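Here is the structure we will look at.
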Amino acid sequence: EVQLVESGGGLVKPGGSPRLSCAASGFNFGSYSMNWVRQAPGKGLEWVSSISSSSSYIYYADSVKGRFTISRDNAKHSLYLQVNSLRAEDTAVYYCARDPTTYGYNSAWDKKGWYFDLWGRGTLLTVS
Amino acid sequence: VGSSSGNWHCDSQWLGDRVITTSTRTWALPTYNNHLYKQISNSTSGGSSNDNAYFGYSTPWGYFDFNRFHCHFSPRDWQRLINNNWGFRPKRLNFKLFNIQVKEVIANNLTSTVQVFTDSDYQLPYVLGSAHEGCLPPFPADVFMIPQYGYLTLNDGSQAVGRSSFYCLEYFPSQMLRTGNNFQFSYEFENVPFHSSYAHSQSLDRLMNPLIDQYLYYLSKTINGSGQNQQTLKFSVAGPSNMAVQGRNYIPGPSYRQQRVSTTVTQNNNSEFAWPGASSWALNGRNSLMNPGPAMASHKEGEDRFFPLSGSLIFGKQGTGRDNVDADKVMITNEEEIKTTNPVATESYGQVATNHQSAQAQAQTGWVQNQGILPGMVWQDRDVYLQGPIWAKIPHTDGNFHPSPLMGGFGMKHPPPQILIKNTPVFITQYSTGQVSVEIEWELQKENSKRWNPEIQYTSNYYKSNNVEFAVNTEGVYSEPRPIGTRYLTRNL
Amino acid sequence: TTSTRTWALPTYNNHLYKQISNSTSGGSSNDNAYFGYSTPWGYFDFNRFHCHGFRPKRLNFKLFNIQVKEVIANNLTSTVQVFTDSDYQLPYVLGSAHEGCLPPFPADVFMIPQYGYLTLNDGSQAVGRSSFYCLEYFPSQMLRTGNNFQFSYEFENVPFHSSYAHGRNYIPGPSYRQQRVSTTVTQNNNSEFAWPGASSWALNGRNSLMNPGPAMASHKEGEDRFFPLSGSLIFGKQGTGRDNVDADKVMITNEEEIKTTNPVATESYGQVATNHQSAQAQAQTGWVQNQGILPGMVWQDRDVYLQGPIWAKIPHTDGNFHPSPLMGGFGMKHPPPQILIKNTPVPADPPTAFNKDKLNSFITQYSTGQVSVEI
Amino acid sequence: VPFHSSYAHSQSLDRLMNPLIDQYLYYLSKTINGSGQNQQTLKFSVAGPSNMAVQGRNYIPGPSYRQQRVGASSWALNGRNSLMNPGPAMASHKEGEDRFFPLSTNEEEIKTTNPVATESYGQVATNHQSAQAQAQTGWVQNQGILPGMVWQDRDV
Amino acid sequence: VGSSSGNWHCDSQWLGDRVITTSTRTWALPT
Amino acid sequence: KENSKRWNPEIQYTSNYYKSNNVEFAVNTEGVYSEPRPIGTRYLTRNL
Amino acid sequence: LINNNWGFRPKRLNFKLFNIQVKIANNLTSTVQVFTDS
Amino acid sequence: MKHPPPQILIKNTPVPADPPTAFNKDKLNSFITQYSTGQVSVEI
Amino acid sequence: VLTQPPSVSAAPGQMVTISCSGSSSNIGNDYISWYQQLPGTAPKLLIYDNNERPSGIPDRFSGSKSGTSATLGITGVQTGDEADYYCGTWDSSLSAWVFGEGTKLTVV
């Protein structure tokens with residue numbers, strides 16, 4: 001049915017550049033807002049970045065801002081997170097999250113009202 | 001040749017109960033259709049459908065359009081209006097066309113003229129009420145291009161009919177302007193009702209005194225209980241405890257059902273229902289979509305995600321494409337404010353008995369999908385927006401009901417006249433630029449309200465951002481980030 | 001006409017404003033949900049015909065012979081506050097056909113009703129658009145025992161109420177069908193259809209009964225034993241109970257005089273064609289259970305009764321059609337103003353050291369006096 | 001009294017637009033990409049000259065009561081049925097077919113502002129769609145007055 | 001004694017560049 | 001009076017639409033009036 | 001006031017004291033003393 | 001000074017180049033390359 | 001910032017109430033959603049739009065938002081319901097999505 005698979009994770013030395021690809025299958029990847037959520041080992045999960053359906057709206061968390069780039073491909077049904085200047089704090093499990101609601105961008109001006117109805121299994125990324 | 005024929009006037013003067021807005025823009029008028037009148041029809045575009053059929057003519061004339069509220073109001077002036085006032089309406093109009101500069105492809109042509117006239121007898125087809133593009137820009141530093149004038153008339157398929165009328169615009173008298181001449185004219189708006197820029201603080205069904213019983217009775221029980229021959233007539237009195245059954249004087253406004261579409265795409269049915277599930281009306285064999293249609297609430301309380309299929313006005317954002325744009329590009333307006341006196345767009349009006357009950361017959365009730373006018377209805381007209389149109393022309397007909405237009409604004413039998421402009425043929429490659437100033441005097445209705453607690457106001461977002469709203473970005477592009485409705489302050493029902 | 005009555009105005013809510021919602025009343029259901037406020041103020045209601053073609057013209061209201069009792073002795077220094085809402089800035093409760101009307105028989109003494117109003121709600125809760133009105137924030141006249149109060153009102157022009165009985169050019173008025181109910185119980189169906197079978201209209205996801213509804217003939221000619229389920233004004237007889245009183249405890253009014261210009265409430269309006277006939281299909285029809293306005297329609301309003309309401313207020317809206325109220329009477333955008341009244345609270349002995357709290361201990365008090373209203 | 005109007009409109013109610021210009025209004029053009037499970041989306045497009053059926057309009061045609069195309073349409077008064085004659089003013093027949101007439105001369109000059117007598121006024125949704133339930137409509141066989149309507153009276 | 005020495009005035013008149021706020025209250029003064 | 005030529009709209013003091021058990025600056029079920037928050041006077045803007 | 005204005009300031013002050021009631025039973029002839037410090 | 005000598009703002013009125021000849025919604029971005037000159041006298 | 005109690009513990013069949021306090025910019029302003037995460041699995045949505053419940057989610061879980069705080073209430077607690085709970089919303093001041101600190105539910 002509907003699934004999200006995250007690959008690209010592995011063990012990389014600090015300063016190395018990796019690329020996390022999220023492949024979607026079972027639905028129309030073109031009409032949904034996509035997200036990256038990471039969870040550091042034994043700690044609460046953290047939101048990282050988001051990209052719109054047309055990839056015109058892109059948001060980043062402050063911790064990852066400026067060193068992480070998020071891109072989306074609609075033809076290949078794939079979501080991309082490029083990583084630069086990896087730091088020890090970047091060890092986590094990277095979850096690919098899907099947001100069904102488009103309401104933040106067309107019906108509400110004051111508030112986004114997002115929620116994540118579909119989650120990827122996640123790919124581990126370790127810096128050593 | 002060396003003297004200016006007009007100055008640059010942009011401001012707003014807020015005086016007492018009236019508003020005076022002035023706007024000056026720079027324009028460019030190219031030579032449309034190589035100074036020719038060409039018949040157009042769906043056949044020229046291929047004529048794929050009977051619903052899309054059309055017949056008409058395209059003319060070399062251009063025309064000035066300032067039928068959108070943004071041409072006369074800045075975002076601050078519109079905020080100043082909608083927060084402080086219960087109503088407004090246009091009174092006077094003044095138009096000026098000056099600083100004519102003719103070019104030839106690039107050098108100046110000093111001896112060329114520009115023909116301009118107004119139709120004050122309304123003898124031409126009035127195209128200014130159809131919410132077309134080509135309006136004077138929201139932002140004063142934008143130089144805009146004048147839209148071409150064309151009209152339609154009776155058609156059968158792509159073919160014409162004998163009754164079809166043909167209009168030559170060179171058959172009107174028109175003023176001719178060289179580089180030193182200027183054109184100006186004044187217009188008096190006919191008397192129209194104030195737009196109601198307020199939201200009711202009461203609902204039509206709650207108008208009662210909650211502390212007191214009525215003296216009217218309703219039928220509480222038709223049976224004593226379980227058993228045979230249990231029929232009875234038991235009349236409880238209507239009171240605070242049950243407010244649904246009380247007798248009422250006034251009933252909600254009319255409805256025409258629309259389909260509800262959720263903004264969460266996962267919720268929507270997996271089928272193509274954009275046209276097949278749409279509400280429409282049919283005229284002479286052609287089915288026109290009902291857009292936006294009668295004024296009805298967009299959604300029920302607690303359901304802002306859904307919107308009526310065609311029942312809302314949907315604008316675009318800056319740089320949005322013409323065809324099949326993504327859902328984050330559009331701006332959808334909700335008409336929830338009228339939810340107190342008006343039925344929901346996506347809900348039925350109510351129920352009616354479909355039979356006579358008897359000992360052998362159970363009571364049957366069918367749903368009312370559309371309900372026309374009934375004595376004792378009350379309703380609210382659609383709201384007007386900063387991006388939306390101002391006036392419409394009331395079609396000249398034997399009869400109408402509540403002529404107020406369905407896209408919002410002021411229905412007028414004699415609206416502001418069309419302003420036609422073209423370059424004089426000399427052909428030599430030629431275009432002209434210049435200035436346009438339009439000034440409207442508005443009337444205001446102040447609020448005397450005794451409400452104790454503070455109102456809802458339109459306010460700029462408090463938080464930081466890369467850009468500030470209603471302003472240019474780093475490239476110099478001006479963008480209106482959101483629609484702004486007029487209804488914030490409240491009244492009693 | 002001229003009326004004079006004796007009123008007794010008590011203290012309501014202990015001189016206090018109270019938020020009231022269905023949650024205070026037990027929570028009810030969604031259709032009965034409400035949010036509002038109850039006020040210490042009382043108000044006068046002469047809106048019924050028994051208190052006093054034809055139509056009103058002028059109005060004169062007098063309030064005099066003020067007397068205030070402490071609980072019983074006379075307090076001659078007490079005041080009674082009264083004001084009229086001539087700008088219609090308060091919610092208008094006089095058009096809902098409530099109780100508290102001055103008694104028809106002139107020798108009776110009536111208890112003035114308490115003023116309350118409703119506002120917007122999502123439930124027992126309120127929204128940000130819900131408005132709170134403080135009646136103390138209006139200028140009002142203060143009267144001791146010797147003072148009197150008097151204001152005159154000019155009815156805005158309304159049409160005469162018409163009281164009389166009466167290919168084609170004109171056609172009958174609109175209809176919204178009502179369920180039929182026999183006065184003989186064994187004829188009705190043996191099931192509970194009081195609410196399930198009724199005609200309703202929906203507003204913001206709530207369903208209100210259609211009562212009394214559009215003006216329609218109560219029954220066809222020859223059948224007097226039937227009355228529309230929500231289509232008639234039902235009055236209780238003198239001494240009738242509040243809940244589940246039998247059919248001989250009430251009075252069911254009938255509109256049958258308007259049968260000439262108006263369709264029957266129980267019958268359909270008519271039939272329309274539902275298809276195109278052809279060699280392959282017969283002509284098909286369907287019933288019209290409800291009909292809006294059509295060009296050529298004529299209709300009569302609902303009749304007025306000695307126990308019926310006189311006027312109603314037309315809501316302030318962009319548009320309305322034939323504003324005459326459906327319960328009967330004269331629809332007016334500026335009807336006779338509400339007259340609000342309360343006793344000024346008199347505090348009991350306050351503490352002898354300053355306590356910043358408001359004073360919750362008052363002298364038990366009520367006022368009596370005289371009302372006279374001329375039309 | 002108002003002057004009786006004695007002219008035929010050269011413009012249809014649905015064709016008052018400037019054929020050369022797009023509208024700044026949008027309409028929902030696509031609900032699905034298609035031919036697959038979970039292919040759901042919202043695509044919007046500019047109402048324009050190429051699709052003129054979806055454009056926003058300020059006014060809608062007059063009120064109608066159906067007639068059988070040539071079972072009689074009727075109105076009940078005091079229990080007694082009565083034929084509806086002539087009834088509300090409506091177009092006698094759709095353009096191109098002159099043989100048909102309403103069951104109860106031709107008015108065809110009014111077909112610009114008025115609905116055809118033997119045609120339904122239009123369609124209305126009868127339900128809320130969902131992922132479970134497809135959208136449904138139903139035909140309007142009679143429509144009373146609505147705000148924003150315009151119509152012609154009957155010819156003399 | 002039996003005649004009122006004043007009336008109840010609370011309101012706000014918003015006039016041009018000026019405002020007039022009137023407030024009436026009920027007080028109790030002990031010893 | 002506010003004379004500003006500012007193009008974009010102001011920050012204003014506004015009531016919040018979201019539903020609640022009570023109305024701000026209004027009585028509660030018991031009859032007690034309350035003031036929810038401190039309201040300062042500075043919303044409109046001027047140049048320096 | 002605050003949304004529509006750049007500034008405000010008081011001008012005139014008019015005070016009134018009336019409907020005096022001295023006290024449980026009324027005391028009709030008792031007086032209340034009031035003065036201002038100008 | 002609370003009210004110093006006012007700011008005197010000046011610009012050249014944009015003169016657009018040849019338009020597309022078919023109506024385009026967007027604002028015109030192509031102008032004639034142009035500048036102005038003159039005299040200024042200030043007397044205090 | 002969304003603040004939740006670090007742990008909650010109740011016996012099976014007992015009402016459990018988990019609530020995360022928020023500022024005006026985030027919880028007051030936006031709809032809040034709740035996510036429950038098992039020890040070896042990715043987070044799964046529990047409640048969305050304050051009180052709405054996704055299909056496949058039991059009736060026992062309920063949520064409400066009052067003022068600036070939203071509370072998730074679980075009734076008829078079961079052994080299988082022991083997992084991490086996070087409440088998240090969009091925060092306007094930060095202009096980023098914020099998750100609560102997390103709440104470990106433990107049944108004895």
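Going through the structure tokens in order, the chains are called A, B, and so on, while each chain numbers its residues from 1 and the ligands are numbered from 1 in the order shown.
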
Exercise. Determine, counting only C-alpha atoms, which protein, DNA and RNA residues have an atom within 8 Å of an atom of region 19-36 of chain I; residues of the same chain fewer than 5 positions away are not included. Present the result as a ChimeraX atom specification.
Key: /A:110-115 /I:1-5,43-50,65,67-72,83-93,100

Would you save the residues from that selection as a JSON list (two decimals), in the first residue's frame, using C-alpha atoms?
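Written file, out-v8.json:
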[["chain", "number", "residue", "atom", "x", "y", "z"],
["A", 110, "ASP", "CA", -1.89, 32.67, 10.87],
["A", 111, "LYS", "CA", -1.20, 28.97, 11.47],
["A", 112, "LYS", "CA", 0.17, 25.90, 9.65],
["A", 113, "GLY", "CA", -1.82, 23.13, 11.36],
["A", 114, "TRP", "CA", 0.51, 20.34, 10.17],
["A", 115, "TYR", "CA", 0.53, 16.76, 11.36],
["I", 1, "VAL", "CA", 8.66, 25.15, 24.13],
["I", 2, "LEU", "CA", 6.39, 22.18, 24.66],
["I", 3, "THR", "CA", 6.84, 20.80, 28.18],
["I", 4, "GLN", "CA", 5.65, 17.36, 29.27],
["I", 5, "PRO", "CA", 6.13, 15.46, 32.52],
["I", 43, "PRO", "CA", 6.42, 7.08, 15.78],
["I", 44, "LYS", "CA", 2.76, 6.63, 14.89],
["I", 45, "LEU", "CA", 0.13, 9.39, 14.95],
["I", 46, "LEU", "CA", -2.36, 9.08, 17.82],
["I", 47, "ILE", "CA", -4.43, 12.26, 17.80],
["I", 48, "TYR", "CA", -4.60, 15.09, 15.24],
["I", 49, "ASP", "CA", -6.46, 18.44, 15.13],
["I", 50, "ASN", "CA", -6.62, 18.52, 18.98],
["I", 65, "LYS", "CA", -6.79, 21.55, 24.03],
["I", 67, "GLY", "CA", -6.05, 27.68, 26.39],
["I", 68, "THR", "CA", -2.29, 27.18, 26.02],
["I", 69, "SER", "CA", -2.18, 23.53, 27.15],
["I", 70, "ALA", "CA", -3.30, 20.30, 25.48],
["I", 71, "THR", "CA", -3.88, 17.04, 27.35],
["I", 72, "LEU", "CA", -3.94, 13.48, 26.06],
["I", 83, "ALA", "CA", 5.33, 3.68, 24.95],
["I", 84, "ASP", "CA", 6.84, 7.16, 24.56],
["I", 85, "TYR", "CA", 4.35, 9.99, 23.95],
["I", 86, "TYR", "CA", 5.09, 13.25, 22.14],
["I", 87, "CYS", "CA", 2.86, 16.25, 21.56],
["I", 88, "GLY", "CA", 3.85, 18.45, 18.65],
["I", 89, "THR", "CA", 2.75, 21.66, 16.98],
["I", 90, "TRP", "CA", 4.03, 24.39, 14.68],
["I", 91, "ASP", "CA", 5.60, 27.24, 16.67],
["I", 92, "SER", "CA", 5.25, 30.63, 14.98],
["I", 93, "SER", "CA", 7.99, 32.53, 16.82],
["I", 100, "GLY", "CA", 7.39, 17.86, 23.33]]

Exercise. Could the residues of chain E within 6 Å of chain C, counting only C-alpha atoms, be given as a PyMOL selection string, please?
Key: chain E and resi 2-4+7-11

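CA of residue 87 (chain D) is found 20.1 Å from CA of residue 281 (chain B).
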
Self-check item: Contact residues (chain F, partner chain G, 9 Å, only C-alpha atoms) as a ChimeraX atom specification
Solution: /F:1-3,10-13,40-46

Practice problem: Could you tell me, as a ChimeraX atom specification, which residues of region 66-209 of chain C DSSP assigns to strand (DSSP E or B) when given the backbone? | Solution: /C:66-70,73-74,80-84,98,101,109-111,114-119,126,140-143,149-154,161,171-172,175-176,180-182,200-203,206-209

Go ahead and write the selection's residues with C-alpha atoms as a CSV table (one decimal), in the first residue's frame.
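To be explicit, this is the file written out as selection_23.csv:
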chain,number,residue,atom,x,y,z
C,66,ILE,CA,-42.8,54.0,42.4
C,67,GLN,CA,-42.7,52.1,45.8
C,68,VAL,CA,-39.7,50.1,47.1
C,69,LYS,CA,-39.9,47.6,50.0
C,70,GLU,CA,-37.2,46.3,52.2
C,73,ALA,CA,-41.0,48.1,55.4
C,74,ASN,CA,-40.9,51.2,53.2
C,80,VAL,CA,-35.3,52.1,40.5
C,81,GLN,CA,-33.2,52.4,37.3
C,82,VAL,CA,-35.0,52.3,33.9
C,83,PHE,CA,-33.9,53.0,30.4
C,84,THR,CA,-35.1,52.3,26.9
C,98,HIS,CA,-42.1,34.9,25.5
C,101,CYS,CA,-46.8,40.1,29.2
C,109,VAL,CA,-50.7,42.1,39.3
C,110,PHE,CA,-47.9,40.6,37.2
C,111,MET,CA,-44.2,39.8,37.8
C,114,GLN,CA,-35.9,38.9,33.8
C,115,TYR,CA,-33.8,40.1,30.9
C,116,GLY,CA,-31.4,37.6,29.2
C,117,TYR,CA,-29.8,37.1,25.9
C,118,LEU,CA,-27.8,34.6,23.9
C,119,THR,CA,-24.6,34.9,21.9
C,126,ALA,CA,-18.0,30.8,23.4
C,140,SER,CA,-30.5,55.2,32.5
C,141,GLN,CA,-32.9,57.3,34.5
C,142,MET,CA,-33.1,56.8,38.2
C,143,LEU,CA,-36.4,57.2,40.0
C,149,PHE,CA,-40.9,57.9,33.8
C,150,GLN,CA,-42.5,58.6,30.4
C,151,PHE,CA,-41.3,58.2,26.8
C,152,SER,CA,-43.2,58.3,23.5
C,153,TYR,CA,-42.5,56.2,20.4
C,154,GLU,CA,-43.5,56.7,16.7
C,161,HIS,CA,-52.8,44.0,8.8
C,171,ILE,CA,-50.8,31.7,-8.7
C,172,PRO,CA,-50.9,30.8,-5.0
C,175,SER,CA,-45.4,26.3,0.8
C,176,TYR,CA,-43.1,24.2,3.0
C,180,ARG,CA,-50.5,16.1,9.3
C,181,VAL,CA,-51.9,15.2,12.8
C,182,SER,CA,-55.4,14.2,13.5
C,200,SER,CA,-36.8,21.6,10.2
C,201,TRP,CA,-34.2,24.0,9.0
C,202,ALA,CA,-30.5,23.7,9.6
C,203,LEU,CA,-28.2,26.5,10.7
C,206,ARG,CA,-27.9,22.6,14.2
C,207,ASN,CA,-31.5,21.7,13.3
C,208,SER,CA,-34.3,24.0,14.5
C,209,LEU,CA,-37.9,23.0,14.1

Self-check item: Residue hits in chain C, query chain D, radius 10 Å, only C-alpha atoms, as a PyMOL selection string
Solution: chain C and resi 167-172+174+217+219-222+256+258-264+267-278+282-288+290-297+319

Exercise. Grab the CA of residue 9 (chain H) to CA of residue 140 (chain B) distance for me, in Å with one decimal place.
Key: 15.8 Å
